[PDB]
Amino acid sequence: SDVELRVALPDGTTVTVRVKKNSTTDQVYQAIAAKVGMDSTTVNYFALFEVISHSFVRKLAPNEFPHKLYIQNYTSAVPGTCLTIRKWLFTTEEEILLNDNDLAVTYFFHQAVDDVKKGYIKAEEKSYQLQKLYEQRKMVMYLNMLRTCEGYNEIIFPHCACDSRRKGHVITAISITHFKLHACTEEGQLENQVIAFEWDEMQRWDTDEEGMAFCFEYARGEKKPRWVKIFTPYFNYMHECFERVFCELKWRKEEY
């Protein structure tokens, strides 16, 4: 059985693929990678996601069926589709290496632009300088500069409950440089407390399918390893993030 699937690309356009009905996510990602002409090395820098909200998209696990997701969320209105192609990458140096790949630059650029609009990348203090490079479509110079801002290549999650926060929520923020928990209120308004967890402090980590929680165990300073639970509905995505970070740290090819 063949079915069509619509998927959004970082530039706001959509692409349609004719794909087997029970395809898994990687299979659909490979069909999409081919129709837009990603090369053998670009294909490893992007992955399939599901739009959850205006401010959050979630990575599809390997064992999902994108067509099921697509129909579940389909209507005749919509800006288009709930499936989207987004960068999957934590170390910005492997990005710099692709600066002479027009496809990847274009995708990196349009996503970075939209993550600026959304507040993910904190470019405020050079906003005008960045604006000027955007207007002239000097894409690589915009990116080489935006890549120095706070929040570049950081995955921010919706606020939720944490078993080591008696009242209030956390917003978890994940990057190659560390694991941050931001204290926010009940409704998600930021307090002003925050905790940076070094990745080498991360001892082990799990999910809890039934409690719907991600779990991580850290040894910091000198105390004895302690468990923290985050009651996020996206525990699998957050688990994929830990695995991906440790993977990228093992293969970090630069001292800076």
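For every residue, the number given is its place in the sequence shown, counted from 1.
Looking at mean Cα B-factors across 90 to 98 and 72 to 80, the upper value is held by 72 to 80. Taking the PDB entry as given, 217 to 225 carries the higher mean Cα B factor of the two stretches 217 to 225 and 198 to 206. In this entry, the residue among 64, 26, 50, 39 with the greatest C-alpha B factor is 39. Sorting 138, 165, 110, 147 by the CA temperature factor given in the entry leaves 165 at the top. The PDB entry assigns residue 10 a C-alpha temperature factor belonging to the middle third of its chain's modelled residues. Annotation for residue 169: CA B-factor lies in the highest third of the chain's modelled residues.
Ranked within its chain, residue 43 lands in the middle third, by CA B factor from the PDB record. In this PDB entry, the Cα temperature factor of residue 212 sits in the top third of its chain's modelled residues, the highest group. The entry lists a Cα temperature factor for residue 118 that places it in the middle third of the chain's modelled residues.
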